[PDB]
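Peer 1: Turn this into a structure:
(chains A, B, C and D)
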Amino acid sequence: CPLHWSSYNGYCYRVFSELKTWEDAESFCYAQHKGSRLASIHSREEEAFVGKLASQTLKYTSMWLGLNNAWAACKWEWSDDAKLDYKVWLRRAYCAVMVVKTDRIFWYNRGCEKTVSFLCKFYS
Amino acid sequence: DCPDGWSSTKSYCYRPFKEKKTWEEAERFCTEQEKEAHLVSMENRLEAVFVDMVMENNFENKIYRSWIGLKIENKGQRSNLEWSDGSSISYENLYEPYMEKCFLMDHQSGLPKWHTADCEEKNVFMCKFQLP
Amino acid sequence: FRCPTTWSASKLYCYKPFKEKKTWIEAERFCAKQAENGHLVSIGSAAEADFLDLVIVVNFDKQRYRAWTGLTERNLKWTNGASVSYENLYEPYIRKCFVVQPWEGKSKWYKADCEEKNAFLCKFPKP
Amino acid sequence: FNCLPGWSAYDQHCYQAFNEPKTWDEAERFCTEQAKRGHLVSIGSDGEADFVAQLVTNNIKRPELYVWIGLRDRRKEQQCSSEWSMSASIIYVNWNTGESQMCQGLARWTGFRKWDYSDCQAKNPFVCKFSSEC
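Peer 2: Numbering: from 1, shown residues only, chains lettered A, B, ... in the order given. Take a look at the structure below.
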């Protein structure tokens, strides 16, 4: 991996202090290197690894995550997705993040249209 | 009888492959055959030995790390959890992180062992089905 | 229909803790003696969850409780059907019996050997 | 064309409200176990939403009633509802909120029915929705 960037085995991880929206966060990483996308965590051994990177790079914890929560619906039980609705509305569609909780690292829900730090990740 | 290439022991057919694929694609591969079934399954300590031969002897006895018919998880309606009252699972709150294990058959000598591995890994596998 | 003395009530079920340390196996059958369909606590949703916590703090206090719930693990049913009658994993699989402890504010469920003796919770319908 | 006996329609989609209120799973897995192969009622058009409200009322006496619109969405399992920026299938996540599994519904208070979410293990009648190949 390049300078300032970390390394696991086949992917590189890094942390950015400059707070930006979730959108430009995905478009930013997309530039760095090839296949470069938002940091992903699909394994404990992979999570505990990042729990140390965002601990030495920053003092606190406030950054985006490649996870795409939000309500919506990939597709109704039938086939067609959720185009039109009529619910009572009560906060649902949000984008996950990550903040300390007197332990490792837990992901919370936050507005996708907000401005917070993030991460980048690309394969070797 | 078992198709061309597929072996047998009494009423079951076995036949591995070389095309390395993930767990999902593997379990989604065998099912797409003339006889809808699943991956390899070792129910007794007698079969685990048979599946070992038709696995090595056909794979140049090379140290393989084939997949298996195991997929444990503590999430969704497929979570390996149940309640005493008999009520279904509609809510949880476990400290441990939501995992997704996909064991395998790491062979070293004689009989292959079973060890957990990232479901998103590329290794070999083997199908299996029961004759009508 | 109302719940008996010293027994909480929501609208359809009753709740009540027990300090007397007892294994999950025996604690799971004790409730059955309390009343019909007497099975250990079983959180349904978020509403029913926050409700139980309101009693686990009043009957224990000090903030350091550790009771058991009616939540265990299956026998790992294979894709074909037959369960895991043959186990040769690098590490023997043991059906762990979850519990419950305080974790700042709300609560969390941990894993423990189905042989340890601790507190437990009961529950049963009113009708 | 021509739906089954006792199945109202509009153009190609057939509908029918039963009189037996089951849970959620039973409701959905019920329609599929019929003649045509379809699932619960789906509202993907304004000119079809209330269309069911009237159909139901015309049979359920028109009072108040909750119907399962076949909308199951939680926060776990490979049931989608959440994906990564790299198409990485969900195999490991650590949420903070409760591991609930909300099941939407359809309550008809006064006029256009609402989409209130209640317990899944609830018991309320429903209505299916099928179609024909062209």
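Peer 1: and after the longest strand along chain A, which helix or strand comes next?
Peer 2: When secondary structure is assigned using DSSP state E, the longest strand within chain A turns out to be strand A:11-21. The helix or strand immediately downstream of strand A:11-21 is helix A:23-32, counting by DSSP states H and E.
Peer 1: Would you mind listing the buried residues in that following helix?
Peer 2: The neighbour-count check on helix A:23-32 (16 or more other C-beta atoms under 10 Å in any protein chain shown) flags A:25, A:26, A:28, A:29, A:30, A:32 as buried. Every residue, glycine included, has its C-beta placed from N, CA and C.
Peer 1: Also stretch B:77-90?
Peer 2: With the criterion 16+ other C-beta under 10 Å, stretch B:77-90 contains buried residues B:78, B:79, B:80, B:81, B:83, B:84, B:85, B:89, B:90.
Peer 1: what does the longest helix along chain B contact?
Peer 2: Ranked by residue count, the top helix of chain B under DSSP state H comes out as helix B:47-56. Outside of helix B:47-56, the residues that reach it under the criterion C-beta atoms under 8 Å, 6 or more residues apart in numbering or on different chains are B:7, B:9, B:14-16, B:40, B:42, B:62, B:64, B:66, B:107, B:111-112, B:126, C:86, C:88.
Peer 1: and which of the residues you listed is nearest to chain D?
Peer 2: Closest approach to chain D among the contacts of helix B:47-56 (C-beta to the nearest C-beta): residue B:66, at 19.6 Å.
Peer 1: Contacts only, for the closest one.
Peer 2: Taking C-beta under 8 Å, 6+ apart as the criterion, residue B:66 is in contact with B:16, B:40, B:55, B:104, B:105, B:107, B:112, B:123, B:124, B:125, B:126.
Peer 1: residue boundaries of the strands in chain D?
Peer 2: Along chain D, counting by DSSP E, strands occupy D:8-9, D:14-17, D:39-40, D:83-84, D:99-100, D:103-104, D:117-118, D:127-130.
Peer 1: Are the fourth one and chain A in contact anywhere?
Peer 2: Think strand D:83-84. Yes - in this structure, strand D:83-84 sits against chain A according to C-beta under 8 Å from any C-beta of the partner chain; the contacting residues are D:83, D:84.
Peer 1: next one: the second one
Peer 2: No - for strand D:14-17, no contact with chain A is found by C-beta under 8 Å from any C-beta; the gap never falls below 12.8 Å.
Peer 1: Show me which positions of that strand end up buried.
Peer 2: Neighbour-count burial for strand D:14-17, counted by 16+ other C-beta under 10 Å, picks out D:14, D:15, D:16, D:17.
Peer 1: what does chain D put close to chain B?
Peer 2: Contact residues (C-beta under 8 Å from any C-beta) of chain D with chain B: D:25, D:74, D:76-79, D:88-95, D:98-101, D:103, D:119-121.
Peer 1: right, and residue D:78 touches residue D:92 too?
Peer 2: No - taking contacts as C-beta atoms under 8 Å, residue D:78 lies outside contact range of residue D:92: 11.5 Å.
Peer 1: So which residues on chain C come close to chain D?
Peer 2: Taking C-beta under 8 Å from any C-beta as the criterion, the neighbours of chain D within chain C are C:44, C:45, C:46, C:49.
Peer 1: Closest one of the residues you listed to chain A?
Peer 2: Sorting the residues of chain C next to chain D by how near they are to chain A, with C-beta to the nearest C-beta, puts residue C:46 at the top with 13.0 Å.
Peer 1: who touches the residue nearest to residue D:75 when sequence neighbours are not counted in this structure?
Peer 2: The shortest distance from residue D:75 to any residue other than its chain neighbours is 5.8 Å, reached at residue D:95 (C-beta to C-beta, 6 or more residues apart in numbering or on different chains). Listed by C-beta under 8 Å, 6+ apart, the contact partners of residue D:95 are A:96, A:106, A:107, B:98, D:75, D:76.
Peer 1: Helices along chain D, start to end?
Peer 2: Per DSSP H, chain D has helices spanning D:25-31, D:46-60. These are given in chain order.
Peer 1: any chance of those helices in CSV, plus distance to residue B:33?
Peer 2: As requested, those are exported to CSV (distance: least, C-beta to C-beta, whole Å):
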stretch, distance to residue B:33
helix D:25-31, 27
helix D:46-60, 40
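Peer 1: Out of those helices, which one sits most buried?
Peer 2: Burial of those is given as mean neighbour count (mean count of other C-beta atoms under 10 Å in any protein chain shown); helix D:25-31 ranks first at a mean of 18.
Peer 1: so what secondary structure elements neighbour that helix?
Peer 2: Taking 3 or more C-beta pairs under 8 Å, 6 or more residues apart in numbering or on different chains; DSSP states H and E as the contact definition, the neighbouring helices and strands of helix D:25-31 are strand D:39-40, strand D:127-130.
Peer 1: Please enumerate the helices of chain C.
Peer 2: Secondary structure of chain C (DSSP H): helices located at C:24-34, C:46-56.
Peer 1: out of the ones you listed, which comes closest to chain A?
Peer 2: Across these, the minimum distance to chain A, taken as C-beta to the nearest C-beta, is reached by helix C:46-56, at 13.0 Å.
Peer 1: Which residues belonging to that closest one are considered buried?
Peer 2: In helix C:46-56, residues buried by neighbour count (16+ other C-beta under 10 Å) are C:46, C:48, C:49, C:51, C:52, C:55, C:56.
Peer 1: any idea which residue of chain D is furthest from its center?
Peer 2: When distances are taken from the C-alpha mean of chain D, residue D:86 lies farthest, 30.7 Å away, according to C-alpha atoms, centre = their mean.
Peer 1: scratch that, chain A is what I was asking about
Peer 2: Of all residues in chain A, residue A:78 has its C-alpha farthest from the mean position, at 30.1 Å, by C-alpha atoms, centre = their mean.
Peer 1: Report the contact partners of that one.
Peer 2: D:38, D:39, D:40, D:42, D:70, D:129.
Peer 1: Can you add neighbour count and give those back as a markdown table?
Peer 2: Below are the contacts of residue A:78 laid out as a markdown table (neighbours: other C-beta atoms under 10 Å in any protein chain shown):
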| residue | neighbour count |
| --- | --- |
| D:38 | 20 |
| D:39 | 19 |
| D:40 | 24 |
| D:42 | 22 |
| D:70 | 24 |
| D:129 | 26 |
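Peer 1: Spell out which residues of chain A are next to chain D.
Peer 2: Counting by C-beta under 8 Å from any C-beta, the residues of chain A lying close to chain D are A:26, A:35, A:37-38, A:40-44, A:46-47, A:66-71, A:73-74, A:76-78, A:80, A:82-88, A:96, A:101, A:105-109, A:121.
Peer 1: 6 Å instead, please
Peer 2: Within chain A, the residues that sit near chain D (C-beta under 6 Å from any C-beta of the partner chain) are A:26, A:37-38, A:40, A:42-43, A:66-69, A:74, A:76-78, A:80, A:83-84, A:86-88, A:106-108.
Peer 1: the strands in chain B, which residues?
Peer 2: In chain B, strands defined by DSSP E lie at B:7-8, B:12-21, B:38-39, B:81-83, B:91-92, B:104-106, B:113-115, B:123-130, listed in chain order.
Peer 1: For residue D:59, see how far away the nearest residue to residue D:36 once chain neighbours are set aside is.
Peer 2: Beyond its immediate neighbours in the sequence, the residue positioned closest to residue D:36 (C-beta to C-beta, 6+ apart) is residue D:130, lying 4.2 Å away. With the distance defined as C-beta to C-beta, to the nearest Å, residue D:130 ends up 17 Å from residue D:59.
Peer 1: where exactly do the helices run in chain A?
Peer 2: Remark: helices of chain A, listed N- to C-terminal, are A:23-32, A:44-56; assignment by DSSP H.
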